[PDB]
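Down below is the structure, laid out as C-alpha coordinates.
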Amino acid sequence: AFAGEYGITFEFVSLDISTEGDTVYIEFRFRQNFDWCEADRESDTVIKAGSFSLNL
Amino acid sequence: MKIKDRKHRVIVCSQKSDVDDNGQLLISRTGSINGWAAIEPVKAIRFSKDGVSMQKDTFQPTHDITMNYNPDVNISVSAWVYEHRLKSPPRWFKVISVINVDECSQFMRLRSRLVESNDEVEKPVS
(Lines give C-alpha, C1' and ligand atoms only; values in the text may rest on other atoms or scores of the structure.)
Protein backbone atom coordinates (compact mmCIF):
# COMPACT_ATOMS: atom_id res chain seq x y z
CA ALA A 1 0.00 0.00 0.00
CA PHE A 2 2.66 2.51 0.99
CA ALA A 3 4.84 1.77 -2.03
CA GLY A 4 1.94 2.35 -4.38
CA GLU A 5 1.06 5.54 -2.53
CA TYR A 6 4.49 7.21 -2.66
CA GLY A 7 6.81 5.19 -4.89
CA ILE A 8 9.25 3.33 -2.64
CA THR A 9 9.78 -0.42 -2.88
CA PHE A 10 11.69 -3.06 -0.93
CA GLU A 11 13.29 -6.44 -1.60
CA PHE A 12 12.37 -9.41 0.57
CA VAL A 13 15.33 -11.59 1.61
CA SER A 14 14.34 -14.23 4.15
CA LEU A 15 12.16 -15.08 7.14
CA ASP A 16 13.28 -17.04 10.19
CA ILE A 17 11.52 -18.01 13.40
CA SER A 18 12.66 -19.30 16.78
CA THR A 19 11.30 -19.49 20.32
CA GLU A 20 12.76 -18.79 23.75
CA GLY A 21 10.78 -19.79 26.81
CA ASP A 22 7.82 -17.42 26.90
CA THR A 23 8.69 -15.40 23.79
CA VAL A 24 8.90 -16.16 20.07
CA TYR A 25 11.40 -14.28 17.91
CA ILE A 26 10.07 -13.68 14.39
CA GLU A 27 12.90 -12.20 12.33
CA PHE A 28 12.60 -10.52 8.92
CA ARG A 29 15.29 -9.23 6.57
CA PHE A 30 14.93 -6.67 3.79
CA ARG A 31 16.94 -4.56 1.37
CA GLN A 32 16.61 -1.16 -0.31
CA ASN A 33 18.07 -0.08 -3.65
CA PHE A 34 18.41 3.60 -4.49
CA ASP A 35 20.58 6.10 -6.30
CA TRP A 36 22.56 8.81 -4.55
CA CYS A 37 23.21 12.41 -5.49
CA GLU A 38 25.33 15.28 -4.24
CA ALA A 39 24.20 18.43 -2.49
CA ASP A 40 22.98 21.52 -4.33
CA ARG A 41 25.96 23.68 -5.24
CA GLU A 42 25.75 27.28 -6.43
CA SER A 43 27.20 28.83 -9.56
CA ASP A 44 30.10 31.25 -9.77
CA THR A 45 28.96 33.75 -12.40
CA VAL A 46 27.11 34.28 -15.67
CA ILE A 47 28.19 35.19 -19.19
CA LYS A 48 27.77 38.44 -21.08
CA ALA A 49 30.77 39.84 -23.00
CA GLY A 50 33.17 39.42 -25.90
CA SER A 51 36.52 40.90 -26.97
CA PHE A 52 37.67 38.95 -30.06
CA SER A 53 40.73 41.15 -30.53
CA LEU A 54 41.34 39.57 -33.96
CA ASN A 55 45.05 40.28 -34.31
CA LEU A 56 46.89 40.35 -37.62
CA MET B 1 21.89 -37.94 53.93
CA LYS B 2 20.33 -37.08 57.27
CA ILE B 3 16.63 -37.25 58.08
CA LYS B 4 16.18 -33.57 58.90
CA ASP B 5 17.29 -32.38 55.47
CA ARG B 6 14.17 -33.37 53.53
CA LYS B 7 12.20 -30.20 54.21
CA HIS B 8 10.21 -30.19 50.98
CA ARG B 9 7.07 -32.11 49.99
CA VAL B 10 6.86 -33.16 46.34
CA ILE B 11 4.65 -35.08 43.91
CA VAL B 12 6.18 -37.03 41.02
CA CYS B 13 4.06 -37.16 37.87
CA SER B 14 4.02 -38.77 34.43
CA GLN B 15 3.25 -36.99 31.17
CA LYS B 16 0.61 -37.94 28.60
CA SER B 17 0.22 -35.82 25.48
CA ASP B 18 -1.89 -35.60 22.33
CA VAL B 19 -2.88 -33.20 19.56
CA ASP B 20 -5.72 -30.69 19.50
CA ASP B 21 -7.80 -30.18 16.37
CA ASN B 22 -6.01 -26.88 15.77
CA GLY B 23 -2.72 -28.79 15.71
CA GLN B 24 -1.29 -27.46 18.96
CA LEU B 25 -0.04 -29.95 21.53
CA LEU B 26 -1.77 -30.66 24.85
CA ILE B 27 -0.18 -31.87 28.09
CA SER B 28 -1.67 -33.54 31.15
CA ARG B 29 0.31 -34.80 34.12
CA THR B 30 -0.61 -37.56 36.58
CA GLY B 31 0.55 -37.85 40.18
CA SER B 32 2.20 -41.18 40.94
CA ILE B 33 4.52 -40.73 43.95
CA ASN B 34 4.29 -38.73 47.18
CA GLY B 35 6.97 -38.06 49.76
CA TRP B 36 9.40 -35.64 51.30
CA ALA B 37 12.46 -34.51 49.38
CA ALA B 38 15.54 -32.32 49.68
CA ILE B 39 16.27 -29.65 47.08
CA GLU B 40 19.49 -27.79 46.23
CA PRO B 41 20.06 -25.08 43.61
CA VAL B 42 22.84 -25.44 41.06
CA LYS B 43 22.36 -22.52 38.68
CA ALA B 44 20.83 -19.06 38.50
CA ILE B 45 17.42 -18.35 36.94
CA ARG B 46 15.82 -15.51 35.00
CA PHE B 47 12.07 -15.06 35.24
CA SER B 48 9.76 -13.61 32.64
CA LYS B 49 6.90 -11.38 33.72
CA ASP B 50 5.12 -14.51 34.98
CA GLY B 51 8.03 -16.60 36.20
CA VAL B 52 8.47 -19.01 33.29
CA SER B 53 12.19 -19.78 33.14
CA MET B 54 14.06 -18.41 30.13
CA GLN B 55 17.17 -20.27 28.99
CA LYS B 56 18.48 -21.98 25.86
CA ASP B 57 20.10 -25.42 25.96
CA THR B 58 17.25 -27.17 27.74
CA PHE B 59 19.39 -30.19 28.58
CA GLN B 60 21.29 -28.64 31.52
CA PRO B 61 19.83 -28.97 35.04
CA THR B 62 19.34 -26.31 37.69
CA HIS B 63 18.14 -28.04 40.87
CA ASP B 64 19.08 -31.31 42.55
CA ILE B 65 16.33 -33.37 44.18
CA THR B 66 16.98 -36.34 46.46
CA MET B 67 14.55 -38.86 47.91
CA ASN B 68 14.39 -42.48 49.01
CA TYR B 69 15.51 -45.00 46.41
CA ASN B 70 12.80 -47.33 45.18
CA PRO B 71 13.64 -50.58 43.34
CA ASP B 72 10.04 -50.96 42.14
CA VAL B 73 10.10 -47.67 40.21
CA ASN B 74 11.50 -47.03 36.73
CA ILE B 75 12.03 -43.31 36.19
CA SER B 76 12.24 -42.35 32.53
CA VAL B 77 12.26 -39.40 30.17
CA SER B 78 8.61 -38.51 30.64
CA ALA B 79 8.94 -37.69 34.35
CA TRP B 80 8.08 -34.44 36.10
CA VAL B 81 8.01 -33.09 39.65
CA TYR B 82 5.53 -30.84 41.44
CA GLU B 83 5.77 -28.89 44.69
CA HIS B 84 3.29 -26.72 46.58
CA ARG B 85 4.67 -24.73 49.49
CA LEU B 86 3.31 -22.71 52.38
CA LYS B 87 3.44 -19.21 50.86
CA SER B 88 5.58 -19.15 47.73
CA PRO B 89 3.78 -20.09 44.50
CA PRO B 90 3.82 -23.68 43.22
CA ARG B 91 6.55 -24.84 40.87
CA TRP B 92 7.04 -27.43 38.13
CA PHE B 93 10.35 -29.22 37.64
CA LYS B 94 11.34 -31.21 34.56
CA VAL B 95 13.43 -34.30 35.27
CA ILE B 96 16.76 -34.77 33.48
CA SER B 97 18.63 -38.03 33.98
CA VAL B 98 18.96 -39.84 37.32
CA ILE B 99 21.67 -41.09 39.69
CA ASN B 100 21.94 -43.24 42.80
CA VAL B 101 23.78 -41.57 45.64
CA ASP B 102 25.96 -44.64 45.30
CA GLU B 103 25.46 -48.21 44.27
CA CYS B 104 24.52 -48.71 47.92
CA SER B 105 21.05 -48.19 46.42
CA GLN B 106 19.51 -46.19 49.27
CA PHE B 107 18.67 -42.81 47.74
CA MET B 108 17.67 -41.66 44.27
CA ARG B 109 18.89 -38.23 43.16
CA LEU B 110 17.30 -36.42 40.23
CA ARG B 111 18.65 -33.56 38.15
CA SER B 112 15.92 -31.11 37.26
CA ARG B 113 15.18 -27.94 35.31
CA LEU B 114 12.88 -25.34 36.84
CA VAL B 115 10.06 -24.26 34.52
CA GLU B 116 7.30 -22.22 36.15
CA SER B 117 6.34 -20.56 39.41
CA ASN B 118 3.10 -18.56 39.55
CA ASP B 119 -0.41 -18.72 40.92
CA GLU B 120 -1.94 -19.97 37.65
CA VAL B 121 0.13 -23.17 37.51
CA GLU B 122 -2.02 -26.21 36.81
CA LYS B 123 -2.09 -28.68 39.68
CA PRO B 124 -1.33 -32.36 39.05
CA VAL B 125 -4.10 -34.68 37.96
CA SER B 126 -5.00 -36.86 40.92
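By order of appearance in the C-alpha coordinates: chains A, B, ..., then residues from 1 within every chain, and ligands from 1 in the order shown.
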- Item | Who sits within 12 Å of stretch 16-22 of chain A, only C-alpha atoms, same chain under 2 positions skipped, as a PyMOL selection string | (chain A and resi 13-14+24-29) or (chain B and resi 46-58+114-116)
- Query: Which polymer residues have any atom within 6 Å of an atom of stretch 11-23 of chain B, counting only C-alpha atoms, with same-chain residues fewer than 4 positions away left out, as number ranges by chain?
  - Reply: B: 27-34, 78-82
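Pairwise distance (atom CA of residue B:63, atom CA of residue B:24) equals 29.3 Å.
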- Separation of atom CA of residue B:84 from atom CA of residue B:105 in Å: 27.9 Å
- Got a sec to tell me which of chain A DSSP assigns to alpha helix (DSSP H), as a PyMOL selection string? chain A and resi 2-6
